[PDB]
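Protein chains: 2
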Amino acid sequence: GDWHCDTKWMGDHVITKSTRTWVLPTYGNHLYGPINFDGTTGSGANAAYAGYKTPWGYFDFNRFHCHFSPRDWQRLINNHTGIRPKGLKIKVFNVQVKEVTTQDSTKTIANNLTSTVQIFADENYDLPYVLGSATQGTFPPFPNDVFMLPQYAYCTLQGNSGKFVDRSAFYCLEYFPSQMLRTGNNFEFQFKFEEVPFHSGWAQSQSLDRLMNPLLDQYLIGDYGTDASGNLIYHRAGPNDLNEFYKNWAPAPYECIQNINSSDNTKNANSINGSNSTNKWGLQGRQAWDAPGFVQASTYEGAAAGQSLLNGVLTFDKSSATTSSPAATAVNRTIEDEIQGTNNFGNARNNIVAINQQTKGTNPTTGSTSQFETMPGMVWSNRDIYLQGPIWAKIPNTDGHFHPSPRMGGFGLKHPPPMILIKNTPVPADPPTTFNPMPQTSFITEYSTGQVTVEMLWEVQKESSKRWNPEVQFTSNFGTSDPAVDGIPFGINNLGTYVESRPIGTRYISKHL
Amino acid sequence: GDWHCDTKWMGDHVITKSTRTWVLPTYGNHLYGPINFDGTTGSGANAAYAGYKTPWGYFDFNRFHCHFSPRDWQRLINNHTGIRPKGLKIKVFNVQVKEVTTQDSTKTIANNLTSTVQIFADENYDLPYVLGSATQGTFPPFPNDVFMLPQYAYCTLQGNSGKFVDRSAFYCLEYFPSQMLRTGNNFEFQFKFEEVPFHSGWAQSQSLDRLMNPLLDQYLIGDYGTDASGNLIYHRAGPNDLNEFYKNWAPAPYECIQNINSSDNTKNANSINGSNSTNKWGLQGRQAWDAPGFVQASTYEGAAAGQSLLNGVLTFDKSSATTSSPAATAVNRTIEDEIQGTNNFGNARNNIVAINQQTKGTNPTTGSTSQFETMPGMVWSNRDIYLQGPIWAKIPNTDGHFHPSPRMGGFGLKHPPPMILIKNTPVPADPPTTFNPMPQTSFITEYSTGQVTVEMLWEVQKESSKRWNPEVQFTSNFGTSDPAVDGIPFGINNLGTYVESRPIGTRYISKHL
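Residue numbers (the deposited numbering), protein chains in the order written: chain A, 214 to 726; chain E, 214 to 726.
As structure tokens, this is what we get:
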């Protein structure tokens with residue numbers, strides 16, 4: 214049982230290892246409970262839910278900075294055009310259970326060598342899978358930090374006002390087999406990923422309307438209009454008009470999403486209510502935000518500085534925080550312009566279709582559309598992956614799905630890495646000396662802690678490009694930093710806190726279409 | 214896991230062993246932090262730095278009295294003309310972790326058998342190497358003393374006012390693999406030194422201008438001058454002038470260093486400002502002391518008593534001390550006169566060169582020089598090694614270096630003994646019973662302690678000299694010592710403190726050139 218936290222680059226694959234220290238409290242006083250919300254004191258009826266919270270807790274490693282340091286991430290993105298996960302192994306070890314006693318003001322903490330902790334992996338996916346929702350409680354990016362394991366809870370099928378119905382499910386986690394760990398015992402688990410395509414780690418150096426040889430003319434003839442008598446006129450497209458070429462392929466579908474400018478406030482309207490202006494989808498008589506949505510270009514070359522989309526991009530914290538309304542200086546806002554070749558700007562809404570039927574006496578009319586959905590012959594790119602973003606998501610179990618790439622990013626999986634759940638075994642306090650049939654509610658106060666190591670095998674694609682001129686690379690560029698106030702970017706500041714200075718995607722090397 | 218501390222003399226090699234007891238605190242509250250200094254409150258802009266301090270700590274055995282008792286050192290220097298290191302092995306064992314609780318005034322200390330400590334050697338030289346700077350924190354010379362391990366920190370590349378720049382490096386030490394030690398576990402490491410030349414353990418019994426047979430004349434003819442008409446005059450050198458012999462070899466190069474007299478204050482000027490009078494070299498727009506410098510003779514035979522060089526020699530404490538301005542009676546000041554055969558006196562500045570071009574009508578002129586650097590045909594000796602001095606230094610990793618013998622003394626190495634770093638594994642206190650995403654800052658107060666044994670294999674050269682008369686030997690000479698006040702020299706005094714009475718070099722046996 215030793216420490217690791219290291220990376221090994223072998224050819225076409227790479228292995229990451231990392232070790233952390235976790236702490237597990239007793240949750241819920243060893244009790245289950247039902248939880249609801251009817252919505253009133255909150256947002257409203259769209260916010261209602263019903264479910265259960267459990268005494269158990271769980272591990273979540275599903276972000277990239279869990280497995281990669283910033284320098285390792287740089288080594289990846291400048292030299293490689295693709296990555297996918299292959300295998301996984303987890304080890305929980307060096308477990309300690311501690312008892313807490315409080316007399317008067319003082320508080321003493323003692324070690325208990327015989328008390329245990331329970332752990333199991335859910336290999337058959339029997340529990341509601343709450344990973345892949347991008348919530349808090351993941352391993353910290355900086356290896357020296359100690360973190361709490363979050364409490365496990367789930368939502369089930371609801372009726373009106375967040376009430377249970379006939380199909381609502383209650384799960385007992387003690388009904389699973391688990392193994393019991395003392396000091397000296399360890400838990401191990403291995404997993405193999407299913408086959409998935411490489412994530413595309415390059416930026417597009419062509420656009421989908423320019424794929425032609427610009428010097429030539431087509432052998433296809435286009436319809437230029439009618440003359441004053443109504444005879445059809447023909448025209449051949451060529452170098453003076455490249456936009457009129459007949460083409461084999463069309464760009465990505467869209468639902469129109471509203472623009473927003475993050476840098477410059479003169480471009481925005483005053484007092485926008487974000488919730489009223491976001492895209493939404495309905496289900497069971499209520500509405501939910503559609504965000505980030507299916508990825509669109511958030512900006513393009515020639516657009517104004519700071520151009521973005523309203524709830525169309527991902528935004529991260531610079532450091533772990535609880536704030537409900539963080540300041541603009543505290544966040545990293547992503548920008549996806551690398552897809553601008555196949556993916557239109559999200560607020561453009563500039564596709565045109567014919568809205569009537571023309572005859573002599575009635576002129577043809579057209580209109581722009583806010584909705585243009587999938588048609589045969591369209592191509593598109595997925596959203597990028599980030600050092601701060603999620604790795605995988607579980608594909609819902611359903612009869613049908615279209616292009617099951619998760620919208621926030623990463624790898625869609627039929628069988629994701631299973632949840633690993635853990636809790637302290639309850640230790641009763643002193644019973645009465647007369648028999649009582651009731652369940653015993655008095656327990657010894659305790660918590661546990663240990664180490665966990667995660668090892669991942671990744672497969673990568675090296676970059677072969679034959680362009681003559683140099684390419685854009687990710688580099689560290691800042692003028693100067695004050696060690697008194699600030700410290701080194703991607704480092705520890707003056708207060709001992711780890712700071713992630715800016716967001717980092719994977720798309721730097723370029724390819725033609 | 215047993216005690217050793219002993220020496221074994223085998224022929225042409227010798228093995229030293231020693232065992233000590235160490236104590237390791239928690240440093241920095243388990244935090245990294247950036248450190249700078251802009252210079253103002255201190256010396257000034259020449260004093261600025263930028264860097265990081267870490268929660269870790271490390272072992273430093275790099276002084277000779279770590280491995281040799283004074284009697285063993287005597288046995289070495291009277292009988293041997295050379296020594297070099299061969300091999301090394303280190304063992305850390307009998308580790309105890311202790312928890313500290315404070316209630317009201319009293320303080321209780323308890324043992325924790327399951328808590329660990331982390332240790333690794335840096336074999337690939339990935340960390341900044343801070344050994345070889347002759348700082349405090351080495352193993353104590355007397356085997357019964359208990360010592361703290363120092364906190365690890367480093368300097369990185371700086372700009373103005375001690376600010377970080379783009380190439381400044383932050384290192385995470387948890388990113389290294391390390392092994393975790395409980396009570397009952399031990400750490401072992403072995404190392405082999407690269408081939409180096411023997412240190413020269415003899416004093417010179419000849420001088421470089423006297424190498425001739427004094428009875429004879431040369432067959433080479435010298436130029437004695439011109440006559441009144443300007444005709445060249447010739448002269449043959451012989452026993453009446455030995456200084457005028459044509460010679461094959463020249464003495465050592467020098468940068469002139471100022472003299473100082475340590476014994477007699479009538480020789481010194483009043484109110485010398487040492488910092489203004491020392492030799493300095495510039496780098497990156499600031500200046501640093503050049504000390505001790507390239508070794509010169511600090512005194513020679515016939516010079517006044519107490520003659521020395523200003524920051525030209527090494528000076529040690531008699532006992533371990535924190536004093537910033539120690540008294541003259543508290544120090545051991547070294548004297549290097551054993552090199553006076555090949556190495557000129559440091560303040561002499563008596564070499565002479567021609568400063569003009571002579572013709573009829575203009576007389577030849579010469580001048581003395583303060584700077585005379587390396588020329589083909591020069592020979593020199595290195596600085597001596599001392600029982601109190603450093604053993605090795607790391608040669609900087611650079612394209613070029615000239616005669617890479619470290620200036621303070623010892624053995625220059627491309628691959629020195631690697632740093633061994635250690636820290637207490639953080640143990641969190643009781644968490645709250647509601648999940649919080651923040652890192653946990655509350656820890657159990659603890660420290661660790663153990664034993665460490667170091668074993669070194671040395672290679673030595675025995676002395677063959679055929680001179681008829683006896684030689685100078687190092688001996689113990691003092692009239693009497695008061696056991697009430699003082700005790701035995703190189704022993705424990707009345708207060709229980711170990712005292713090193715005088716400095717001891719290696720050069721006693723003599724050889725001709």
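From the three backbone atoms N, C-alpha and C, an ideal C-beta is built for every residue, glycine too.
When Cβ-Cβ separations below 9 Å define contact, A:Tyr271 makes no contact with chain E. Taking every protein chain shown into account, the CB of E:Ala416 has 16 or more other CB atoms within 10 angstroms, so this residue is buried. Assignment of beta strand (DSSP E) within the stretch 602-672 of chain E, counting only whole runs of 3 or more residues, yields 605-607, 624-626, 633-637 in chain order. Here A:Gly443 carries a coil assignment [DSSP, helix/strand/coil]. Under the three-state reduction of DSSP output, A:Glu387 falls in the helix class.
Think of a sphere of 8 Å around the beta carbon of A:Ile705: the chain E residues whose beta carbon falls inside it are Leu244, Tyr245, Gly246, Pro247, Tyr265, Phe383, in chain order.
Fully enclosed beta strand (DSSP E) runs of no fewer than 3 residues occupy 246-250, 262-271 of the stretch 241-281 of chain E, in order along the chain. Scanning chain E for C-beta atoms nearer than 8 Å to the C-beta of A:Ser282 yields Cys385, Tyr388, reported in chain order. Counting C-beta atoms within 10 angstroms of its own C-beta, A:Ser677 has fewer than 16 neighbours from the protein chains shown and is therefore classed as exposed. Within chain A, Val313, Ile322, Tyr660 have C-beta atoms less than 7 Å from the C-beta of E:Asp643, given in sequence order. Distance between E:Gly451 and E:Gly435, taken at the CA atoms: about 11 Å. Neighbourhood of A:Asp477 in chain E, by CB distance below 9 Å: empty, with the nearest CB roughly 28 Å away. Short of 6 Å from the beta carbon of A:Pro341, and not among the five residues preceding or following it, lie these beta carbons of its own chain, in chain order: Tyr367.
Chain order gives the chain A residues near E:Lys376 as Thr693, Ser694, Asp695, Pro696, where near means a beta carbon separation below 8 Å.
Within the stretch 344-371 of chain A, contact with chain E at the beta-carbon level (separation under 7 Å) is assigned to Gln349, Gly350, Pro353, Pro356, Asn357, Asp358, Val359, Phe360, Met361, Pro363, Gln364. Scanning the stretch 322-377 of chain E for uninterrupted beta strand (DSSP E) segments of 3 residues or longer gives 330-334, 359-361, 364-368, listed from N- to C-terminal end.
It is roughly 13 Å from the alpha-carbon of E:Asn637 to the alpha-carbon of A:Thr234.
In the three-state reduction of the DSSP assignment, A:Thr314 falls in the strand class. Pairing E:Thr666 with E:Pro631, the inter-Cα distance amounts to about 16 Å. Note on geometry: alpha-carbon atoms of E:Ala567 and E:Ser490 lie some 28 Å from one another. With contacts defined as CB atoms closer than 9 Å, E:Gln309 and E:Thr662 qualify as a contacting pair. The Cβ-Cβ distance between A:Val236 and E:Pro644 falls below 9 Å. Between A:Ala347 and A:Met669, the C-beta gap is not smaller than 9 Å, which leaves the two residues out of contact. Legend: CB atoms of the stretch 651-679 of chain E lying less than 7 Å from CB atoms of chain A belong to residues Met651, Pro652, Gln653, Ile657.
At a C-beta separation below 8 Å, E:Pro577 has no neighbours in chain A, since its nearest C-beta there lies roughly 57 Å away.
Following the DSSP letters along the chain, one finds A:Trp502 inside the beta strand (DSSP E) bounded by residues 499-502.
Here E:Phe691 is exposed. Its C-beta has fewer than 16 other C-beta atoms within 10 Å. Of the candidates A:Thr547, A:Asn399, A:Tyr599, A:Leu522, the residue whose Cα lies closest to the Cα of A:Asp215 is A:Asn399. The beta carbon of E:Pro238 sits no closer than 9 Å to any beta carbon of chain A. DSSP places E:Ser594 in no beta strand (DSSP E); its state is neither H nor E.
For the pair of segments examined, the stretch 241-256 of chain E was found not to touch the stretch 612-619 of chain E: the number of CB pairs separated by less than 8 Å stays below three. Here A:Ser521 is buried: its Cβ has 16 or more other Cβ atoms, across all protein chains shown, within 10 Å.
Of all residues in the stretch 630-642 of chain E, only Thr638, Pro639, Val640, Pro641, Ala642 place a beta-carbon less than 8 Å from a beta-carbon of chain A. E:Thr710 sits in coil when the DSSP states are folded into three classes, being neither helix nor strand. According to the DSSP secondary-structure assignment, E:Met223 is paired through a beta bridge with E:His226. The shortest C-alpha to C-alpha distance from E:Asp503 to any of E:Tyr467, E:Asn478, E:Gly515, E:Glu514 is the one to E:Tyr467.
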